[PDB]
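Colleague:
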Amino acid sequence: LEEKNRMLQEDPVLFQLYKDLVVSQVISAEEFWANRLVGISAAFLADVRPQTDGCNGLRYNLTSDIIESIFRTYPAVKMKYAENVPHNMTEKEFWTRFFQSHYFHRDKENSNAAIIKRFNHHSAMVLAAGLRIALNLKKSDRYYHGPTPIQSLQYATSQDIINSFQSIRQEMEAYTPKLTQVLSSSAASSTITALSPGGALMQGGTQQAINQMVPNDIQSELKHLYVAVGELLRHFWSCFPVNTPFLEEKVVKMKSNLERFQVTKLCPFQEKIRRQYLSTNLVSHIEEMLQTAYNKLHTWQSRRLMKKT
Amino acid sequence: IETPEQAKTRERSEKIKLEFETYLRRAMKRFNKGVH
């Protein structure tokens with residue numbers, strides 16, 4: 111319970127969603143939670175040093191990560207901690223002793301041999317703890384005419400077309416540039432009218448500010464409803480296609496949850512719009528999606544019934 | 167591990183205090199034996 115509660119607190123929207131789905135008896139908490147569900167470096171000793179502050183401050187910063195690394199590399203330190211802390215000595219006293227002991231301050297043949305042995309032992313402990372088809376298509380013409388549907392490609396008449404080809408060939412064989420014939424005042428006025436605002440070319444015009452027509456609180460509620468419906472429908476479609484009998488029961492439960500959500504949350508929200516008489520059909524998209532899901536489920540049920548005939 | 171100069175100063179102060187205490191003790195012993 112404690113683990114479950116902390117998850118809701120971190121995401122207030124999910125907690126609000128959890129309240130709207132479970133407290134309102136739309137879905138059970140069990141079904142709600144059913145769908146919801164370091165290397166070791168050798169620098170941990172050399173880089174980690176007793177930090178000296180401005181005025182006699184031993185800033186140990188004894189993070190548990192360094193302590194765990196020391197325990198992994200040096201089991202003797204862990205044994206001493208277990209056999210001394212917190213009865214024989216305190217943790218800080220043990221750390222001070224370790225700093226003051228020869229174990230940390232390793233710094296002449298005997299001394300060199302001891303240093304070499306310590307380094308080899310550290311390396312060995314670190315190493316030990318580190319483990320603990373040719374394609375040949377057939378019909379390439381499909382790429383020549385791809386997803387483009389069959390167009391209106393029409394072949395002309397018989398040889399007479401060539402004669403027409405001759406006509407233009409004879410028409411533009413003796414050609415002279417013209418200036419007045421290019422444009423006329425009436426044609427210019429017609430073009431301006433077409434290009435004038437409100438004309439045929441100027442399609443439509445200004446629109447309405449839908450942002451101010453829908454209150455921001457209603458917008459947030461619509462967003463929350465959209466998120467909830469989308470998650471429920473994603474869970475519904477995840478089962479599809481239904482290949483096992485358990486998926487049938489799961490989809491039936493999902494449909495029941497969708498109906499409960501629509502009754503408990505969507506309908507009072509609808510009146511919330513209807514009481515305000517907003518002309519925006521925000522609920523229309525939700526209704527379309529819900530009806531599409533219901534029709535898909537009914538069609539699949541009909542297919543299942545027919546397969547058993 | 168922290169301010170080695172401060173630790174050395176503390177050790178020197180302790181040594182000076184011990185030397186002064188030993189000097190006082192030996193002076194007292196000298197006075198007592200002279201009185202005896």
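As given, the protein sequences belong to chains C and H, one line each in that order. Note that the first sequence covers residues 111 to 147, 164 to 233, 296 to 320, 372 to 548 in the deposited numbering. Per the deposited numbering, residue 167 is the first one in the second sequence, and the count goes up by one each step. Ideal Cβ positions, reconstructed from N, Cα and C, are used throughout, including at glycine.
Could one say the Cβ of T188 (chain H) lies closer than 8 Å to chain C's Cβ atoms, at least one of them?
Modeller: By this cut-off, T188 (chain H) is not an interface position.
Colleague: Which residues in chain H sit within 9 Å of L184 (chain C), going by Cβ to Cβ distance?
Modeller: Here the neighbours are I167 and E168.
Colleague: Could you tell me which residues DSSP pairs with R185 (chain C) in its beta bridges?
Modeller: DSSP lists C:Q177 as partners of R185 (chain C).
Colleague: Throw me the rounded Cβ distance for the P176 (chain C) and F224 (chain C) pair, which I believe falls under 8 Å.
Modeller: In fact, because the Cβ distance is near 11 Å, the residues do not count as touching under 8 Å.
Colleague: Among the residues of its own chain, which have a CB less than 8 Å from the CB of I303 (chain C), if the five just before and after it don't count?
Modeller: Hits under 8 Å: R232 and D233.
Colleague: State the start and end residues of the unbroken alpha helix (DSSP H) segment that holds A301 (chain C).
Modeller: From DSSP, the alpha helix (DSSP H) with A301 (chain C) extends over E297 to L319.
Colleague: Just to make sure I have the definition right: I need the residues of chain H whose C-beta is within less than 7 Å of the C-beta of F224 (chain C). Which are they?
Modeller: Within 7 Å Cβ-Cβ: nothing; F224 (chain C) doesn't reach chain H, min ~10 Å.
Colleague: If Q501 (chain C) and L529 (chain C) are in contact, beta carbons under 8 Å, what's the gap, nearest whole angstrom?
Modeller: About 6 Å; that satisfies the 8 Å criterion.
Colleague: Can you give the Cα-Cα distance for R543 (chain C) and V481 (chain C), rounded to whole angstroms?
Modeller: Distance between the alpha carbons of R543 (chain C) and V481 (chain C): 10 Å.
Colleague: Between C:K378, C:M545, C:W539 and C:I400, which has its C-alpha nearest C478 (chain C)'s C-alpha?
Modeller: The shortest C-alpha separation from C478 (chain C) is found at C:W539.
Colleague: Could you give the DSSP three-state label for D380 (chain C): helix, strand or coil?
Modeller: In the structure shown, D380 (chain C) sits in a helix (DSSP, three-state: H, G or I).
Colleague: Starting from the beta carbon of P176 (chain C), find every residue of chain H whose beta carbon is closer than 7 Å, and list them in chain order.
Modeller: Simply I167 and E168.
Colleague: Can you tell me whether DSSP reads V136 (chain C) as helix, strand or coil?
Modeller: Looking at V136 (chain C) - three-state DSSP - the assignment turns out to be coil, as it is neither helix nor strand.
Colleague: Whole angstroms are fine: how far does the CA of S435 (chain C) sit from the CA of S424 (chain C)?
Modeller: If I take the Cα positions, the gap works out to 16 Å.
Colleague: Out of C:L505, C:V491 and C:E194, which one is the CA nearest neighbour of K535 (chain C)?
Modeller: Comparing Cα positions, the closest option is C:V491.
Colleague: Assign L319 (chain C) to buried or exposed, taking buried as 16 or more other Cβ atoms, counted over all protein chains shown, within 10 Å of its Cβ.
Modeller: When all chains shown are included, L319 (chain C) counts as exposed.
Colleague: Let me make sure I understand the geometry here. Which of C:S134, C:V421 and C:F142 has the alpha-carbon closest to that of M117 (chain C)?
Modeller: Among C:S134, C:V421 and C:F142, the Cα nearest to that of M117 (chain C) belongs to C:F142.
Colleague: Return yes when the Cβ of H474 (chain C) is within less than 8 Å of the Cβ of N145 (chain C), no when it is not.
Modeller: In this structure, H474 (chain C) lies closer than 8 Å to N145 (chain C) by Cβ.
Colleague: Is the Cβ-Cβ distance between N182 (chain C) and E168 (chain H) less than 8 Å?
Modeller: For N182 (chain C) and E168 (chain H), yes; Cβs fall inside 8 Å.
Colleague: Sorted by chain position, which residues of the same chain lie with C-beta nearer than 6 Å to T503 (chain C)'s C-beta, five sequence neighbours on each side aside?
Modeller: Within the same chain, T503 (chain C) has close Cβ partners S134 and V136.
Colleague: Are the beta-carbon atoms of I196 (chain C) and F230 (chain C) separated by less than 8 Å?
Modeller: Contact: no.
Colleague: Within the chosen definition, does the stretch 452-467 of chain C reach the stretch 512-525 of chain C through at least 3 CB pairs nearer than 8 Å?
Modeller: Verdict: yes, contact present.
Colleague: Would you identify the three-state DSSP class for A168 (chain C), choosing helix, strand or coil?
Modeller: If DSSP states are grouped into helix, strand and coil, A168 (chain C) belongs with coil.
Colleague: Confirm the yes/no value for this check: CB of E217 (chain C), any heavy atom of the ligand NAD, distance under 7 Å.
Modeller: You won't find the ligand NAD in this model; it holds no ligand whatsoever.
Colleague: Please report how far the alpha carbon of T222 (chain C) lies from the alpha carbon of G165 (chain C), in whole angstroms.
Modeller: Cα to Cα, the separation comes out at about 27 Å.
Colleague: Taking the runs of the alpha helix (DSSP H) that are 4 residues or longer, which of them lie wholly in the stretch 476-518 of chain C?
Modeller: You should have 484-500 and 506-515.
Colleague: What does the alpha-carbon distance come out to for the pair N402 (chain C) and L374 (chain C)?
Modeller: Their Cα atoms are separated by approximately 48 Å.
Colleague: Use the C-beta contact count for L464 (chain C): other C-beta atoms within 10 angstroms, 16 or more gives buried, fewer gives exposed.
Modeller: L464 (chain C) comes out buried.
Colleague: Using beta-carbon positions only, say whether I512 (chain C) and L521 (chain C) come within less than 8 Å of one another.
Modeller: Yes, Cβ-Cβ distance for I512 (chain C) and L521 (chain C) is below 8 Å.
Colleague: Evaluate contact between the stretch 202-215 of chain C and the stretch 308-315 of chain C, counting only Cβ atoms and requiring at least three cross-stretch pairs below 8 Å.
Modeller: The stretch 202-215 of chain C is not in contact with the stretch 308-315 of chain C.
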